[PDB]
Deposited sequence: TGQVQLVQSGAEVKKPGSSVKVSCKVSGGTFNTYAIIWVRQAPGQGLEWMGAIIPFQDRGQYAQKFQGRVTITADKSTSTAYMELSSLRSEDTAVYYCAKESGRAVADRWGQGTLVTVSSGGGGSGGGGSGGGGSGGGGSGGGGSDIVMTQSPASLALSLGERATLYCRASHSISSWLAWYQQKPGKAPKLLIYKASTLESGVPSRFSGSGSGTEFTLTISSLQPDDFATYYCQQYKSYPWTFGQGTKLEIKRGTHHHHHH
């Protein structure tokens, strides 16, 4: 299957630049979008930009415009994200991701830690945390400030790992996801339900709209075991 390999960690001084690589092996590189998403320590996911390599031009979020460059070398099937005028606030793990013909980013790199030391759809997620026992029904809510039709995805993020796609198009389970996961909702209100909790389920879950760039994430629901 497809595998995305990113460059090693990097420590940078304030004001300098950093370039993170992302090598795609397996699958097709030139006609599918490469995404770049970062995650500050203990924070949520934040879309930065994307690129379809054959176009040789990237699209960017306003926050980073004038400050970031996304390139793609088609000969090596390698995408790059270069971020200048770094800050302590730019300290984060930077992920590259790829869409695979289903609109959603369903293939993720391992992430690259960068430490700096000397009218957009708003997704609202509840509850912020949820403490339940095994065998119990879990229900996570997610609201979009503007209609997103059914272009909504649900990610599971374990500590130290990258987001793992569980449900796309609001209720389509990714392959390999057990049936106890289910998605629902259309328009502005969506739900993720775990019919009977299992040990592997306890993690942090994010919803994300992919109707329109800039892709936006909810602040996640930490679902942990009850004492």
| item | value |
| --- | --- |
| Ranges missing from the model, given as deposited sequence positions | 1 to 2, 121 to 144, 254 to 261 |
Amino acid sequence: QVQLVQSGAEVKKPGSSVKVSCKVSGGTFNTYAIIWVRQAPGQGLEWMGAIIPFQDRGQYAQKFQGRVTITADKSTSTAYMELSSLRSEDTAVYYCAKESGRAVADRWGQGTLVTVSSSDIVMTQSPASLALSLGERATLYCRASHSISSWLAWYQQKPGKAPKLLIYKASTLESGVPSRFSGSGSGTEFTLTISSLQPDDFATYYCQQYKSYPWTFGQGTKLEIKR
From here on, numbers count along this sequence of modelled residues.
| item | value |
| --- | --- |
| Of 22 to 30 and 164 to 172, the one with larger mean CA B-factor | 22 to 30 |
| Segment of higher mean CA temperature factor, 124 to 132 or 67 to 75 | 124 to 132 |
| Most elevated Cα B-factor in the entry, residues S150, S118, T139, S100 | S118 |
| Relative C-alpha B-factor of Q156, binned into the chain's lowest, middle or highest third | middle |
| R87, C-alpha B-factor rank within chain (lowest, middle or highest third) | highest |
| Record-listed C-alpha B factor of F54: chain third | highest |
| Chain-relative CA temperature factor third for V114 | highest |
| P199, C-alpha B-factor rank within chain (lowest, middle or highest third) | highest |
